[PDB]
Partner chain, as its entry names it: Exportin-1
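Only one chain comes next, encoded as structure tokens, the form deposited without the partner chain.
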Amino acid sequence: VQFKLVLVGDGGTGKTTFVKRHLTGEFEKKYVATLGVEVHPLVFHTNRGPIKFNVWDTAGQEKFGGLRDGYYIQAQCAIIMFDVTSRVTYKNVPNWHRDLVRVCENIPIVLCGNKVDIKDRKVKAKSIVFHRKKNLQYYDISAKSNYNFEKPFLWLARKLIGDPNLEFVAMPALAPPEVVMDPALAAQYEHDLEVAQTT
């Protein structure tokens, strides 16, 4: 049985494109009229059994202001997203985290910089600092290529289940990649995060 996960971040960062990679979750999503939300059931399969994240994706209302308390309430974990091609979206991460922690004081949170498939990257590893003092794990992701798609969910499942060595035994069916994540760029970016972390 299951965990509410709230996916937040500026409009246009790729939240909806990311949750939709999980094809069953997209097929089985439940639209909640009263709340302005689609709830996608993303089941994943660990070496210890299944875990279900019910991922709350907005219906775009973040473009007009903050989300209502009912969106965040009873969340057990979260993903904050920004877009590595837009510094302003990164600049706004602290405010999203504040809103989230205001309603859900002690939950595990992953920070994700999306669209790392785009060659002209504006927010690089050296610049991504917010997660350090706040105890968040960070990953680069590219929703459109499934790059690192399972990373945030695996880190969350380890935190939520209380098993640091949990692994996924099989991947969910994901929408086939719509863009190629350049494998060279992926390897440099993962190492660049490791370097920034040691600096």
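Whichever C-alpha set is largest while still superposing within 1.5 Å between the two forms counts as the rigid core. Numbering follows the first chain given and starts at 1.
Below, we refer to the form solved in complex with the partner chain, which is not included among the displayed structures.
Under a 4.5 angstroms non-hydrogen atom cutoff, the partner chain in the deposited complex has residue 125 among its neighbouring residues. The partner is not shown here, but in the deposited complex the stretch 90-115 reaches within 4.5 angstroms of the partner chain through a heavy atom at 91, 92, 94, 95, 98, 102, 103, 105. For the residue set 136, 43, 174, 160, core-aligned C-alpha shifts between this form and the one not shown reach 2 angstroms or more at a single site, 174. After superposition on the rigid core, displacement of the C-alpha of residue 25 between this form and the one not shown amounts to 2 Å or more.
The two forms, fitted on the rigid core, differ between this form and the one not shown by less than 2 Å at the CA of residue 54. Between this form and the other one, the CA-CA gap for residue 35 and residue 16 narrows by 3 Å or more, being smaller in the deposited complex. Distance between the C-alpha atoms of residue 60 and residue 82: shorter by at least 3 Å in the deposited complex than in the displayed form.
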